[PDB]
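See structure below.
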Amino acid sequence: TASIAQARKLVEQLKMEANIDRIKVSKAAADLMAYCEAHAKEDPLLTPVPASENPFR
Amino acid sequence: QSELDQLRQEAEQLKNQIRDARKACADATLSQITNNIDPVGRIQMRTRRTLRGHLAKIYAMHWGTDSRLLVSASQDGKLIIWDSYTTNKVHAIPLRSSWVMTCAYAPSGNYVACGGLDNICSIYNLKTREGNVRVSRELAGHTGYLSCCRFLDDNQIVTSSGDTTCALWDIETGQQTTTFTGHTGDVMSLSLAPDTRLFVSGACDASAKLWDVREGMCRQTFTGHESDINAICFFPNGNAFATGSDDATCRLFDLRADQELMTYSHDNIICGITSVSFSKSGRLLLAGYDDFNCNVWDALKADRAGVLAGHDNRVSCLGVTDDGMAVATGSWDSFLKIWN
Amino acid sequence: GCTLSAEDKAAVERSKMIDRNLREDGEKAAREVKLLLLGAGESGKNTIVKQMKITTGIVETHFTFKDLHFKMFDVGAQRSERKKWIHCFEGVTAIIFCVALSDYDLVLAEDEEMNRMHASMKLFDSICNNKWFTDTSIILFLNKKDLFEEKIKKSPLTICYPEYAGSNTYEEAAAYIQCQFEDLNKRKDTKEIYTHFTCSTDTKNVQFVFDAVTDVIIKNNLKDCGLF
Amino acid sequence: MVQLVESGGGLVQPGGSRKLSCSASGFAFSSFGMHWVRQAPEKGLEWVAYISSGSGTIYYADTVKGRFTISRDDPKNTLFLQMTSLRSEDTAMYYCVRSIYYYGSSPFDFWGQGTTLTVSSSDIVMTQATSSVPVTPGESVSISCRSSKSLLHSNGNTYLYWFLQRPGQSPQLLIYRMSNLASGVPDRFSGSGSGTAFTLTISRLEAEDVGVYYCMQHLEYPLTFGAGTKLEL
Amino acid sequence: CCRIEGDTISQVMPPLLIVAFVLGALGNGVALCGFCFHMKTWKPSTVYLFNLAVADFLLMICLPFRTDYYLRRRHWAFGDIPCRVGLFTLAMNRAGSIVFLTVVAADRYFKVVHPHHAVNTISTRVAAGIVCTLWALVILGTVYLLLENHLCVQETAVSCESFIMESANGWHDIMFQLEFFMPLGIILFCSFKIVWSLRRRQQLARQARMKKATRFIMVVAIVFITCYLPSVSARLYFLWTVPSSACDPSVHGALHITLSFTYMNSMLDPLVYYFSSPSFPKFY
Ligand SMILES: O=C(O)c1cc(O)cc(O)c1
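Residue numbers (the numbering used here), protein chains in the order written: chain A, 39 to 95; chain B, 306 to 645; chain C, 16 to 243; chain D, 9 to 241; chain E, 657 to 940.
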């Protein structure tokens with residue numbers, strides 16, 4: 039009866055996690071790619087900016 | 306002990322059902338979709354600043370929200386707040402316990418937190434009526450070493466400890482509000498979501514968990530590594546996160562798909578990862594390594610795009626400003642560098 | 016700073032003062048002697064730290080001897096995994112390991128099969144051969160000598176070491192225990208072990224620690240001079 | 009808890025010498041720079057001297073240079089000003105002002121209750137054209153200050169300070185660096201400007217906002233105050 | 657003047673000086689390259705080695721000025737003032753290489769016999785003040801090298817020399833004897849005490865590293881003995897029987913041999929100090 043509480047809680051957690059909804063991998067990948075090219079102009083690390091507006095020049 | 310055996314069997318069958326659902330939901334891969342787009346060019350990043358003054362190994366750092374100030378923690382018993390533009394030192398806070406290995410900077414800029422082997426999270430008031438920095442609170446509810454801490458606002462902070470638990474604190478009252486349990490292993494890192502409604506953690510059981518702050522419950526569990534997880538970071542979108550382990554690999558997980566997406570590894574690399582971070586657009590993934598180097602990965606194609614090599618010891622911490630202009634690396638050689 | 020405004024120059028001056036204070040504190044802290052104290056609960060760490068100086072995770076004890084300041088750290092309260100924080104103590108001057116002679120036959124409460132002496136030997140082997148302590152001296156203390164005298168007459172040492180073939184007298188048994196502990200070191204040439212038997216010694220363990228620390232300091236000085 | 013008390017003064021024969029002292033309590037005295045600021049009767053403020061934290065840097069006004077000296081006593085938390093060859097126009101009230109300098113600090117944020125000294129018988133010019141404005145409660149008012157030289161530095165910030173002196177009291181900081189509010193100032197004061205012309209706006213004027221308003225530049229030494237602008241009912 | 661008229665010196669010196677110049681410059685250059693470019697932290701006991709290497713380098717710089725002088729039969733072909741700074745870095749850089757032999761040998765005595773002494777923990781900004789008050793007293797010692805004349809002219813050739821003959825008083829003789837003998841006593845005392853103290857460490861001695869470190873203490877002392885004894889002894893013998901020795905050609909043959917032996921101290925110092933040390937950096 040000592041180890042039955044932890045096991046019952048684990049079974050409850052597994053039951054709760056088994057009821058989550060899942061989307062297809064293609065949709066998640068496409069959303070990530072859409073975000074990646076949809077913000078490319080605002081990221082200075084891969085697109086260097088001229089030394090006029092670079093505070094670390 | 307038949308009840309224990311049947312509970313074990315039920316847990317195993319539930320795990321098998323979850324795995325089967327994940328497999329059935331898995332169609333194609335990220336690489337197959339991403340192969341259409343053109344690859345990113347070679348990344349040539351150069352050291353712009355070098356911050357000196359720490360006299361021992363540096364364990365943690367955190368950028369301010371203004372992308373100018375930052376705080377660094379060293380085991381010489383000192384917290385230093387730097388002005389990254391002029392290299393000037395703003396504050397130097399002496400620590401009661403020198404065994405600090407985490408630090409955080411409040412989003413309002415008014416407070417700094419640190420902790421370590423003393424099992425205590427200390428809060429420091431930067432804006433005082435006097436001219437000095439004072440301790441405003443000490444949180445002493447943990448039974449293991451503090452590994453990470455992150456502010457939510459001026460009154461809430463989330464900490465992770467070696468007692469395999471995470472806790473949410475009320476700073477003004479100094480009491481724990483919620484306790485997050487379930488890891489069964491040393492929790493090493495934390496990462497807050499941009500909306501602050503959720504956070505993820507990584508522990509020595511080679512698993513990652515997603516928690517709901519309001520409800521104090523574990524929603525999802527991710528298991529793809531075969532060794533201890535040392536660092537974790539949310540994707541800027543808020544629907545993904547990356548993990549760095551001691552098996553010399555990094556992985557990308559998706560919350561909605563509830564499984565792994567891509568792995569970043571190389572045969573020439575055999576050392577463990579100490580820190581990870583994302584760029585503002587999320588295209589670049591920066592990871593620190595034990596081989597004294599920091600690698601820049603292409604988050605969409607799993608192709609290395611550059612190397613930051615300016616340290617002669619282990620790279621312990623990473624950081625990218627909120628505006629994405631600069632990247633900072635700390636190291637065991639007692640130097641911080643700003644790369645751009 | 017010819018291109019700096021008055022406020023910028025004042026900020027630079029403040030940063031210079033902060034740098035000076037940091038340098039002075041760092042020089043002040045470089046003259047301290049730091050010791051990492053390890054062992055088990057019943058080994059006798061409390062007795063040793065009491066003799067030295069006449070839920071928290073780490074305890075710091077400060078004492079002085081012959082104008083030299085010592086800092087001792089006890090990490091016995093940390094029940095988490097050792098490999099995740101042991102690297103923080105890399106660079107310590109020396110390690111102090113406490114062992115009780117009288118616990119050669121007693122068994123641990125947690126595990127019946129496991130013996131206390133073999134558990135201590137396993138811990139010593141793990142710490143001595145650690146990759147963060149490949150050049151760190153070890154000071155080994157044997158803590159319960161009179162109880163060893165009492166228990167050796169009423170019980171042989173062969174119960175702990177089945178292969179012990181020698182007289183059950185105190186001297187041979189103590190030598191066998193010491194050599195068994197010292198055989199765990201593998202570097203041999205790189206690092207050395209200091210051993211000292213303690214029952215109720217008064218202001219003699221501190222002298223032993225002082226001598227070992229002096230040897231370590233001389234080695235560091237010779238490394239600094241390049242004559243090494 | 010912050011407090012600054014000065015001692016010294018009284019009637020002085022011309023050509024004599026005295027030493028003014030100020031005592032600090034309630035804050036880390038050694039971490040703050042110290043200024044002496046002078047105000048003659050029915051006249052505006054005038055900077056005198058400055059000693060840095062750690063005594064590394066010392067400046068003086070050209071009027072008092074050679075005759076006045078400034079020093080600190082950090083263990084005793086005291087500030088000194090030894091004056092020699094006192095003349096007629098040194099008769100004024102002397103204030104002691106604390107200031108701390110780092111990224112984002114607020115200099116000149118606390119003024120002491122100065123003492124009165126009576127003696128018997130290029131630089132940037134900051135100008136305020138208006139000298140008096142009649143006001144009534146509930147009305148919005150604007151105060152203007154103009155600078156001979158542009159106060160906009162190449163680092164991106166403008167060094168303009170606004171102070172208020174209520175009748176019978178010590179000056180109080182309102183706006184620092186032309187846009188930032190002080191710690192305990194209501195959100196009815198606003199500041200703005202461009203290079204050489206600056207304005208201070210007081211929305212929903214109340215009976216508490218009656219006094220003299222001074223503008224200051226902190227771009228370079230010596231520090232110069234503008235003329236006063238009095239608000240009356 | 658007096659006319660030795662001996663070509664054996666003119667045929668023996670160029671070998672020794674050429675060998676010294678060609679084997680002594682690259683080692684000191686490598687040591688200088690490694691001291692600054694290949695190091696990160698400047699703690700004491702490193703500044704003194706740097707200054708000794710600099711003194712050796714300065715000797716090597718001015719050494720070739722006399723490898724052709726002896727080839728043309730002791731003729732100073734070019735210059736009259738240039739033989740005032742050509743014998744100035746032969747008493748500035750020859751006496752600034754014996755002082756830093758007494759400094760490196762007195763710094764090792766305070767790290768083996770007095771490990772907790774305060775001198776062991778001084779900052780780099782304090783030793784920089786000692787190497788800047790010894791290296792200046794070295795100059796102050798040899799002002800007359802620039803405030804006197806040395807050229808002596810003969811029928812066919814001019815000879816510029818300072819260790820010439822007779823009974824040179826109070827300078828280039830007395831300073832010579834003191835700067836040899838006095839540092840020697842300190843070096844011998846320090847070397848004996850260091851070994852005596854280091855042998856009493858019964859458990860440190862079992863390591864071969866200690867044995868190598870103790871052998872290198874005596875190596876430096878014997879090298880210093882065998883490289884400067886002839887130079888002092890020859891001048892002493894000349895000074896004693898100077899009545900009879902009216903600049904005898906045999907005598908002048910020997911003193912030029914012994915100074916070439918002194919010139920090999922800066923040859924041997926790099927190889928003894930920097931190259932035979934595991935802890936110093938590598939040059940591939
Ligand atoms: O090194 C010298 O000072 C020196 C001086 C001489 O007169 C001759 C010589 O061969 C060397």
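No residue lacks a Cβ here, since even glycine has one placed at the ideal position from N, Cα and C.
Closer than 7 Å: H908(E) CB and nearest ligand 1 heavy atom: For the purposes of this step, residue 908(E) is identified with residue 252 of the fifth sequence, where counting begins at 1. Result no, Cβ not under 7 Å from ligand 1.
Quick check on DSSP: helix, strand or coil for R781(E)? Here residue 781(E) corresponds to residue number 125 of the fifth sequence, with the count starting at 1. Collapsing the DSSP output to three states places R781(E) in a helix.
How far does the alpha helix (DSSP H) with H908(E) in it extend, from its first residue to its last? Residue mapping note: residue 908(E) aligns to position 252 of the fifth sequence, counting from 1. Residues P905 to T918.
By the three-class DSSP mapping on this structure, what secondary structure does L422(B) have? Translated into the one-based positions of the second sequence, residue 422(B) becomes position 117. Coil, per DSSP.
Given the structure, does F819(E) come close to ligand 3, in the sense that its CB is under 7 Å from one of the ligand's heavy atoms? Among the ligands present in this structure, namely ligand 1, ligand 3 is not found.
Kindly indicate the opening and closing residues of the alpha helix (DSSP H) around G841(E). As a first step, residue 841(E) must be located in the fifth sequence, where it is residue number 185. Segment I830 to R855, the alpha helix (DSSP H) holding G841(E).
Mapping the DSSP letters down to three states, classify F148(C) as helix, strand or coil. On the third sequence, position 133 is the one that residue 148(C) refers to. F148(C): helix per DSSP, three-state reduction.
For the candidate residues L673(E), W852(E), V710(E) and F677(E), whose alpha-carbon lies nearest to that of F691(E)? On the fifth sequence, position 35 is the one that residue 691(E) refers to. It is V710(E).
Counting beta carbon pairs with one atom in the region 70 to 80 of chain A and one in the region 351 to 360 of chain B, are three or more of them shorter than 8 Å? Judged by Cβ distances under 8 Å, the region 351 to 360 of chain B makes no contact with the region 70 to 80 of chain A, as fewer than three pairs qualify.
Nearest CA to the CA of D458(B): which residue from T370(B), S586(B) and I425(B)? For this step, residue 458(B) is matched to residue 153 along the second sequence. Answer by Cα proximity: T370(B).
Is it right to say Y940(E) is buried, meaning 16 or more other beta carbons lie within 10 angstroms of its own, or is it exposed? Taking the first residue of the fifth sequence as position 1, residue 940(E) is located at position 284. Burial call: exposed.
List the residues of chain E whose Cβ lies closer than 7 Å to the Cβ of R46(C), in chain order. Here residue 46(C) corresponds to residue number 31 of the third sequence, with the count starting at 1. For the C-beta of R46(C), the chain E residues within less than 7 Å are, from N- to C-terminus, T777.
To be precise: take each residue of the region 412 to 433 of chain B, compare its Cβ to all Cβ atoms of chain C, and keep it if any distance is under 7 Å. Which residues remain? Identification of residues in the region 412 to 433 of chain B having a C-beta nearer than 7 Å to some C-beta of chain C yields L422, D423 and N424, given in sequence order.
Which same chain residues, not among the five before or five after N921(E), have their C-beta less than 6 Å away from its C-beta? Residue 921(E) sits at position 265 when you count from the first residue of the fifth sequence. Sequence-distant Cβ neighbours of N921(E) in its own chain, meaning closer than 6 Å and more than five residues away, are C883.
Verify the contact flag: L746(E), CB atom, against every heavy atom of ligand 1, threshold strictly below 7 Å. Numbered from its first residue, the fifth sequence carries residue 746(E) at position 90. Because some heavy atom of ligand 1 lies under 7 Å away, the Cβ of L746(E) counts as near it: yes.
Contact list for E125(C) against chain B, beta-carbon separation under 9 Å: On the third sequence, residue 125(C) is found 110 positions in, with the first residue counted as 1. Neighbourhood of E125(C) in chain B, by CB distance below 9 Å: empty, with the nearest CB roughly 19 Å away.
Alpha carbons only, please: which of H77(C), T229(C) and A44(C) is nearest the one belonging to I154(C)? One-based indexing of the third sequence puts residue 154(C) at position 139. Of the listed residues, the one whose Cα sits closest to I154(C) is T229(C).
The beta strand (DSSP E) with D458(B) in it runs from where to where? Residue 458(B) sits at position 153 when you count from the first residue of the second sequence. Element bounds for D458(B): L451 to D458.
Tell me whether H731(E), by its Cβ, gets closer than 7 Å to a heavy atom of ligand 1. Locating residue 731(E) in the fifth sequence gives position 75, counting from the first residue. No, the Cβ of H731(E) stays beyond 7 Å of every heavy atom of ligand 1.
Given that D459(B) touches chain D, what residues does it touch there, using C-beta distances under 9 Å? Working through the second sequence from its first residue, we reach residue 459(B) at position 154. Result: empty, since nearest Cβ-Cβ is about 16 Å, beyond 9 Å.
Beta carbon of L673(E): closer than 7 Å to some heavy atom of ligand 1? Residue numbering aside, residue 673(E) sits at position 17 when the fifth sequence is read from its first letter. For ligand 1, not one heavy atom lies less than 7 Å from the Cβ of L673(E).
If you measure from the CB of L743(E), is any heavy atom of ligand 1 nearer than 7 Å? In the fifth sequence, counting from the first residue as 1, residue 743(E) sits at position 87. Yes, since a heavy atom of ligand 1 falls inside the 7 Å radius drawn around the Cβ of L743(E).
Neighbouring residues, chain B, relative to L37(C) (Cβ below 9 Å): As a working note, residue 37(C) is residue 22 in the third sequence. By Cβ distance, chain B contributes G358, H359, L360, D381, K383, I385, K394 and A397.
Between the alpha carbons of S586(B) and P399(B), how many angstroms are there, rounded? Taking the second sequence and counting its residues from 1, the one referred to as residue 586(B) is at position 281. Taking the second sequence and counting its residues from 1, the one referred to as residue 399(B) is at position 94. Taking the straight line from one Cα to the other gives about 37 Å.
Given the structure, does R740(E) come close to ligand 1, in the sense that its CB is under 7 Å from one of the ligand's heavy atoms? In the fifth sequence, the residue the question calls residue 740(E) occupies position 84. Not so, every heavy atom of ligand 1 lies at least 7 Å from the Cβ.
Would the region 782 to 798 of chain E count as touching the region 713 to 722 of chain E if we require 3 or more Cβ pairs under 8 Å? No: fewer than three Cβ pairs fall under 8 Å.
Put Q21(D) into one of helix, strand or coil per three-state DSSP. As a position in the fourth sequence, residue 21(D) is number 13, starting the count at 1. If DSSP states are grouped into helix, strand and coil, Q21(D) belongs with coil.
So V518(B) and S584(B) are supposed to be a Cβ contact under 8 Å. How far apart are they, rounded? On the second sequence, residue 518(B) is found 213 positions in, with the first residue counted as 1. On the second sequence, residue 584(B) is found 279 positions in, with the first residue counted as 1. For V518(B) against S584(B), the beta-carbon gap comes to about 26 Å, at or over 8 Å, which does not count as contact.
Return no unless some Cβ of chain E is closer than 8 Å to the Cβ of residue 5(C). Coverage of chain C is limited to positions 16 through 243, which leaves residue 5(C) absent and any answer about it impossible.
Is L915(E) close to ligand 1? I mean its beta-carbon at under 7 Å from any heavy atom of the ligand. For the purposes of this step, residue 915(E) is taken as the residue at position 259 of the fifth sequence. Within the cutoff, so yes.
For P142(D), which three-state DSSP category applies? Numbered from its first residue, the fourth sequence carries residue 142(D) at position 134. It is a strand residue.
Let me check understanding here. Comparing Cα to Cα, which of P700(E), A681(E) and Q863(E) lies closest to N236(C)? Position 221 of the third sequence, counted from the start, is the residue given in the question as residue 236(C). Cα-wise, what sits closest to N236(C) is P700(E).
Straight-line Cα distance separating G34(D) from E477(B): Reading the second sequence from its first residue, position 172 is the one you call residue 477(B). Reading the fourth sequence from its first residue, position 26 is the one you call residue 34(D). Taking the straight line from one Cα to the other gives about 24 Å.
Is any heavy atom of ligand 1 found at a distance shorter than 7 Å from the C-beta of residue 15(C)? What is shown of chain C runs 16 to 243, which leaves residue 15(C) out entirely.
May I ask you to report which of helix, strand or coil DSSP gives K203(C)? The sequence position of residue 203(C) within the third sequence is 188, counting from 1. Per DSSP, reduced to three states, the secondary structure at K203(C) is coil, with no helix or strand assignment.
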